[PDB]
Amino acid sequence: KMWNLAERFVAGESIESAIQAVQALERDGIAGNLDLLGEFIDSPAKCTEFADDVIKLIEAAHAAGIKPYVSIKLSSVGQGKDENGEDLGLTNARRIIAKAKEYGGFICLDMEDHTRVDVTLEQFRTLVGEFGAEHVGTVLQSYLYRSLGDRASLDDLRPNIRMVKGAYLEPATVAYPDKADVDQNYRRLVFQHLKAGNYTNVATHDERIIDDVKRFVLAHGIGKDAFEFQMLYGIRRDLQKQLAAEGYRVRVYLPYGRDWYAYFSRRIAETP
């Protein structure tokens, strides 16, 4: 009965359970951000199957009257694999974004470990050019030394970017080892993106940072339509509700699927 526990953080194992969970968030004035979980994705066949499963999700969400908003890791759809002379991740991402876009939806390219940052930001730029900044977004992680520079380099795209602290175990040659620096850099990324007038998703459960961002938005006259807070399903549900009740946009990341063990284990690891 790991599931009796994991149900807090994972919508369920089916597309149906995910849609039901988005519908519940929506009834509470909160948007959803769907994440298909998968573990075996280590072959071009399986990466493309995964992409097809994300597309089936997008169709089901659209059928259920939900604007598709889905986050994917490009490695899961073939990033770094060549199929007939083109990168499989880019090929599959195009299929997935085109389908989301047809239904007025949006895809976020999540950011993986440091080895995939350059390719992801190159691919993101390509895809923004093909589909528009209103339909594809990405993520920057405040623990990396390179992130402030990366954010500034994307300003010409006026891009939708989610700021996160960072999820991977990265060495000190790549990521600030001091949590104080990670947190200060997080504010810097959020504030520079907001000052540039780009749509910003403030993905954090750190209430001190949440309060400071509220302060910043107030002091700078930034509208509550210009950014949103984002949280993982099941973490600080009280803040999710409170921020929605105070007029902020809140969008909750909802993982689903049969392969939930690793995701669930990371939620357990991060228990305060």
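Just count from 1 along the sequence shown to find any residue number.
- Averaged over Cα atoms, the B-factor as recorded in the entry is higher for 80-88 than for the other of 132-140 and 80-88.
- Looking at 18-26 and 257-265 together, the entry lists the larger mean B-factor for 257-265, computed on C-alpha atoms.
- The PDB entry gives the largest Cα B-factor of the residues 71, 200, 120, 115 to 115.
- Each of 98, 107, 163, 180 has a CA temperature factor in the record; the biggest one is found at 180.
- When the modelled residues of the chain are ordered by C-alpha B-factor, residue 176 sits in the highest third.
- In this PDB entry, residue 93 carries a Cα temperature factor that places it within the lowest third of its chain's modelled residues.
- When the modelled residues of the chain are ordered by C-alpha B-factor, residue 48 sits in the middle third.
- Among all modelled residues in its chain, residue 243 ranks in the middle third by Cα B-factor.
- Ranked by Cα temperature factor within the chain, residue 207 sits in the middle third according to the deposited record.
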